[PDB]
Each structure stands twice: as C-alpha cells, then as structure tokens.
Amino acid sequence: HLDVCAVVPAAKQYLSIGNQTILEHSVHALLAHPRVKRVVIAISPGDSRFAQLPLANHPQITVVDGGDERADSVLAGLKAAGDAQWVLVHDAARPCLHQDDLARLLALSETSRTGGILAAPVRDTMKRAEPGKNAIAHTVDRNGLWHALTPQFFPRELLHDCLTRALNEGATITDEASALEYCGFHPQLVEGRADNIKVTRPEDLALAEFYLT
C-alpha cells in the first residue's frame, strides 16, 4: 500500500545551484521520503544532458521519453510506474520542496481516495481585469483562493484515466489536479510553504538559491 512512484515531467531544469542541477535538487527532495521507491523522469528525445547526470545510473530512477505537452510526459511516466498504487507528480524546476510539506502531502493516501496537492493560500488582494484591457473589472475574493504547487499526489490509475479522458475530449488542462477536476473530482488542498517556487525566469534562479541556502 505505502509504496509510491514519482513522475517528473522534464521534457531551466539544467541550471545549477551549488554544483547540483535544479533537476537533481528536485528529484533528491522526492527520494528523501522513504515511501518514494521510484522516480520516473520523462525527458525530451535528443536531451543529451540528463545522461551525463548521476541520476542516470541511480537504481531508483527510470528515464523515459516525454511528449509535446505536460500531460503527455506525465502519461509516459505513468507507463513505467510499475504497480504503484499512488503516484507523486512533481515539477522538474521546483528545487525548494521541503520534507515536512512532502510528508503531509503523502498522508493523503490514508484519508483520501482522490488525492490532493500542495498549495499556498493567496495573500495579496486580487483583481480581475476587464476582457481585452488593463482596467480593473472587480476584486476577486482571495478567501478560499489558493496557489497550486507541486507535488500533486493521486491514485495512479485514476490519474491515468482522468488525464487520458481530459486530453481525448480536448479539455483545457493546466496541472494534474485540473484533469481530476474535469472528470468531476475535487482533490484536497494541503497547505505548503510559499518558498516552493518554480524556476522559470532568469531572476528565479537567484531567488531559489536564496530559499535553498
């Protein structure tokens, strides 16, 4: 029951922070938890950097070719997830994940049949702009509004089916949770640290390093 397989769609992740790549910081955070028995990393075909990393020969790491879209790479990862009952999907560019948040997320397998994700409550006042221009239409109630983060933890086959159906029906998919939502599910929100950022822009690297060390 407690066995978990992680999937990291990695098809910025190769930038480094302390002689270790962001991807490695990311993957090592997952492998720190005892329940994570395997990590499947989906990389783009032609990606010649991964093979030169220590992760390439790790006994608990399996590499597979990813796809064009995020959901595509996650589905590819799920195919090498063995018989794992629960899957943990985590961003390749989120190296600041903390063990306490991860542990609280994994607890969901004992109290939920849908799974859930790490999220941070909205602090700032939010505004909805008017369609087509930079004018404020109205203020969006921030109460009950959350920033979706990762990992996202769900039963393996359910995640597979939801993302498979969402794609077939051409649904607008953002994160893994949105695939469950599209199929009528309502994943749990597990509060996590706001410093769990995704390195996407140049400045993000320096900030990630600040958070990490």
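Numbers follow the displayed sequence, beginning with 1. Between two forms, the rigid core is the largest collection of C-alphas that superpose within 1.5 Å.
Engineer: Out of 123-131 and 72-80, which shows the greater rigid core-aligned C-alpha deviation in 5 other deposited structures of this protein?
Structural biologist: Clearly, after the core fit, the stretch farther away in 5 other deposited structures of this protein is 123-131.
Engineer: Comparing against the shown form in 5 other deposited structures of this protein, which stretch has the larger RMS C-alpha deviation after a rigid core superposition, 44-52 or 150-158?
Structural biologist: Greater root mean square C-alpha distance in 5 other deposited structures of this protein: 44-52.
Engineer: Select one of none, 1 to 3, 4 to 9, or 10 or more to describe the deposited residues without coordinates separating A11 and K12.
Structural biologist: Gap size class: 10 or more residues without coordinates, per the record.
Engineer: For the C-alpha atoms alone, is the average B factor greater in 191-199 or in 15-23, going by the entry?
Structural biologist: Per the PDB entry, the higher value belongs to 15-23.
Engineer: Between 2-10 and 204-212, name whichever shows the higher mean Cα B factor according to the PDB entry.
Structural biologist: Per the PDB record, 204-212.
Engineer: Specify which of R35, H58, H186, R70 carries the largest Cα B factor in the deposited PDB entry.
Structural biologist: Largest recorded C-alpha B-factor: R70.
Engineer: For the C-alpha B-factor as written in the entry, point me to the maximum among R49, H160, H28, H147.
Structural biologist: The listed residue with the largest C-alpha B-factor is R49.
Engineer: Using the B-factors in the PDB entry, rank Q152's C-alpha atom against the chain and give the third, lowest, middle or highest.
Structural biologist: Lowest third - that is where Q152 ends up once the chain's C-alpha B-factors are sorted.
Engineer: Quick one: classify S178 as lowest, middle or highest third of the chain based on its Cα B-factor.
Structural biologist: Bottom third by C-alpha B-factor.
Engineer: Place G115 in the lowest, middle or highest third of its chain's C-alpha B-factors, as listed in the PDB entry.
Structural biologist: According to the entry, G115 has a C-alpha B-factor in the chain's middle third.
Engineer: Taking only the Cα B-factors deposited for this chain, tell me whether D101 sits in the lowest, middle or highest third.
Structural biologist: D101: CA B-factor falls in the lowest third of its chain.
Engineer: Can you tell me which third, lowest, middle or highest, the CA B-factor of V63 falls into for its chain?
Structural biologist: As the PDB entry reports it, the C-alpha B-factor of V63 lands in the middle third of its chain.
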